[PDB]
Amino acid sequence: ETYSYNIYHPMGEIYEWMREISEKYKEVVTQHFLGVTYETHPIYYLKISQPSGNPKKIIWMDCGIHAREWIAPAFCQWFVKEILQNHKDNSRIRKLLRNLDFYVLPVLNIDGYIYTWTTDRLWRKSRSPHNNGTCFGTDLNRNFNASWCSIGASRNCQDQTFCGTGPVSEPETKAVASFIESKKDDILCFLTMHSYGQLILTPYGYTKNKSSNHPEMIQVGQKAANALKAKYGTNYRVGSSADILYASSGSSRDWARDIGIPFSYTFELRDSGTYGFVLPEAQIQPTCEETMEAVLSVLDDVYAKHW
């Protein structure tokens, strides 16, 4: 292909990329329908799996739950490309694929993401109408059934953190949650990619309580942050959302930990505020390369726990 991973792509190009990458790597990748957005845009994930007789555990990664965070879908595509281009020759990727399958959701909030290209670059929420169309959008990362709407979320539909009309009320959330719920016993690690702030966040947002395996989570997280910084010197902070970012509820990260997935992280990618959400394309390649180091460090650690 002549598909550049060093620029931002509108949704139509991502639909075509998923279809092309799936056929070119058909021996190890399949594309699966999860559901449709409010506006009937299809939501897919890519499953990377090297066929074998071993039972597989699952790594889940999703990007673009928040529409304006363009660096996150860029990284999901970078991740996929790196795995696929190196899954035969690279001993470390070949290792991971002997026992893990990767499920990657490149853009979850497709309606909002299209909206940021067509109309409003700083849109965050979905595009579902509320109050007879007088307001639009649910914050999909406040819509999961994890202490739903208890703190750090609004019941006001005009607010950027609107939690929705009820837990798992939006079609995007339903599609993710029902699927994840059906695989939960096999999912070892849940990664949700966001921007910006250069943080690696553990549960929880809705309490300052820590999960039962919090020491293990921040050891893995800090080693990943160290591996990331080694690349270009980018500084990341590791800790629970409530401690180092702000309180929230209904996040997919907390919901995943609550249903028993042992490693659940939110990554907040570049930068620290100079450009914010509108990260220049000149920073896509270095952001993705350093983030790749972090993610493979996590996957190495998760893997070493079992094989």
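The first residue of the shown sequence is 1; numbering continues from there.
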Between 228-236 and 199-207, name whichever shows the higher mean Cα B factor according to the PDB entry.
228-236
In the PDB record, does 181-189 or 74-82 carry the higher mean Cα temperature factor?
181-189
Per the entry, which of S126, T173, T161, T119 tops the list for Cα B factor?
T119
Say you rank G64, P42, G250, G53 by Cα B-factor from the PDB entry; which sits at the top?
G53
Chain thirds of CA B-factor: placement of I261
middle
Using only modelled residues of the chain, where does the Cα B factor of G137 rank: lowest third, middle third or highest third?
lowest
Ranking every modelled residue in this chain by its Cα temperature factor as given in the entry, which third contains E20?
highest
Taking only the Cα B-factors deposited for this chain, tell me whether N109 sits in the lowest, middle or highest third.
lowest
Can you tell me whether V278 has a C-alpha B-factor in the lowest, middle or highest third compared with the other modelled residues of the same chain?
middle
